[PDB]
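Only one chain is shown below, in structure tokens, and it's the form deposited in one PDB entry.
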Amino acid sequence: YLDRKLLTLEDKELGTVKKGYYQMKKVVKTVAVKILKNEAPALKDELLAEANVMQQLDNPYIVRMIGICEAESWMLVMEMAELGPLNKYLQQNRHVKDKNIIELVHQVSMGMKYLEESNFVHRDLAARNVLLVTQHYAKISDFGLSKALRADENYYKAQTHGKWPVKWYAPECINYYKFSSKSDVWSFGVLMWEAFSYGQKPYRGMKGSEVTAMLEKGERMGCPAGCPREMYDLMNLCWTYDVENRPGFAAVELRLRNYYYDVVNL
């Protein structure tokens, strides 16, 4: 639990997320602060659950939580990733090249390999939830929907969902509300499609029910313009319909290593 007197917030928004500076032992640390807007119950509990997940995670490709601050509002204080969301960055930086995008999605795969090993399911793995420290260093963010798996199960059973997250959901999430590291792999495939499409939205112009129907017919998003063929092939493997045959992150990470080195050594 952090001291509000040592935290300064900048006025404008990145409830809300604001840039701040937290006075540590001696130096200031630049932070991003998730601030809960609560004019006037369960909103507080969601923020604390998000914090509880981040507290348990320690990996270079995951956003680090500094702590929680209880003051005028409830606040989740994190280490600042200066460049912000991957989708918005790639939208505004079309100059970014194949190898660089491959480097970044590989880093995400390394963070997700760690999450998988820790038996946590992200449940919201999308390009908007990858933050850039630098142009060559990505971290996974946004653990608000994340769940610690039971010791005796490899999935979490959710309640009925709305329309907004559907485009990143695996068929078993849609049909059975079952979330696993394998469903995170499906989402990662969509994340890759986003990244190599320079932050364009997946399944443009389609409703969730239409996406679900498309996937049930055995159809998948086409190759983004200019996207390396081997990356498109990996997306399709991530979009393996049945959970058992779909790869885990260890496998996805390994195939990202090898092609990264192929591109570096071409």
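For every residue, the number given is its place in the sequence shown, counted from 1. Between two forms, the rigid core is the largest collection of C-alphas that superpose within 1.5 Å. Shifts are known only where both forms have a C-alpha.
Below: the form deposited with a partner chain bound, not depicted.
Using a 4.5 Å heavy atom cutoff, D124, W168 and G208 all lie near the partner chain in the deposited bound form. At a distance threshold of 4.5 angstroms between non-hydrogen atoms, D142 is in contact with the partner chain in the deposited bound form.
The partner chain in the deposited bound form is not approached by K147, whose heavy atoms all lie more than 4.5 angstroms from it. In the deposited bound form, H161 approaches the partner chain with a heavy atom inside 4.5 Å. The partner chain in the deposited bound form comes within 4.5 Å of no heavy atom belonging to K113.
Aligning the rigid core between the shown form and the other one and inspecting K157, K97, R150, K163, the C-alpha positions shift by 2 Å or more at one residue, which is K163. Put simply, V53 and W164 come closer in the deposited bound form: their C-alpha atoms are 3 Å or more nearer than in the form shown.
In the deposited bound form, the Cα-Cα separation between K163 and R150 shrinks by 3 Å or more relative to the displayed conformation. Shifted segments between the shown form and the other one, defined as at least 3 consecutive common residues whose CA atoms all move 2 Å or more after rigid-core fitting, occur once only, at 159-164.
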